[PDB]
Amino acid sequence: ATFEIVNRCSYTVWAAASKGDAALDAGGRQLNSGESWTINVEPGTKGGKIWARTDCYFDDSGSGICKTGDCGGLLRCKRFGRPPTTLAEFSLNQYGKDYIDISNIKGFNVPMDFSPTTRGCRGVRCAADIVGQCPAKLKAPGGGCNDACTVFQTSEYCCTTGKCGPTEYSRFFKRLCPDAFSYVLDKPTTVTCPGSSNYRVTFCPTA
């Protein structure tokens, strides 16, 4: 499977890509404005994610920092990212089907489009101006908009039981971004496409 991570943002970003315990394809890139990087994701791959890192410096040694989605300090993300981050997440070939989906459970820090490039199903999207109306207590350290948990690490906000519920915060994201997860116990927003379908990820969708 191929994912086309297109960067439409007016700035530079370091798209990111991990299956959490490892990179997915090349793990990390940097695209300037209007650039795409094409990664081959392994078939049957479970639980990969793609996100975007903001405001960074990495040497000729793949280290450094990013105000957002910093993955243990390194270009080539082999590990998931530091909050706050719009979460592009897929599981492929789990019995004929594929699972695409965007989640704000890890916050928001860049608008995204995750859409199939094949025939089959729908893409999902979360391009509202989150940073723009982020509640000030979610107001982000880097230039994103943090999630309750990353902000209080309280039970409530963290679903630190299993038994959960919605919060005045979870719905800010949900009022804004309905097709994405605003919390764990969130009525899943998954979009089951066809097996082996190819996708396209877009940073700063039409707008």
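A residue's number is simply how far along the shown sequence it sits, counting from 1.
Comparing 192-200 with 12-20, the stretch with the higher mean C-alpha B-factor in the PDB entry is 12-20. Per-stretch averaging of Cα B factors for 108-116 and 133-141 places 133-141 on top. Of the candidates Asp60, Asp179, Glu35, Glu42, the deposited coordinates give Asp60 the top C-alpha B factor. When the C-alpha B-factors of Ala52, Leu31, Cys164, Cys66 are read from the PDB record, the largest value belongs to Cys164. For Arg122, the recorded CA temperature factor ranks within the lowest third of the chain's modelled residues. Per the deposited record, the Cα B-factor of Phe152 falls in the highest third when ranked against the other modelled residues of its chain.
Placement of the Cα temperature factor of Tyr99 within the chain: lowest third of the modelled residues, per the deposited record. Among the modelled residues of its chain, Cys77 has a C-alpha B-factor that falls in the lowest third according to the deposited record. The PDB entry assigns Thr2 a C-alpha temperature factor belonging to the middle third of its chain's modelled residues.
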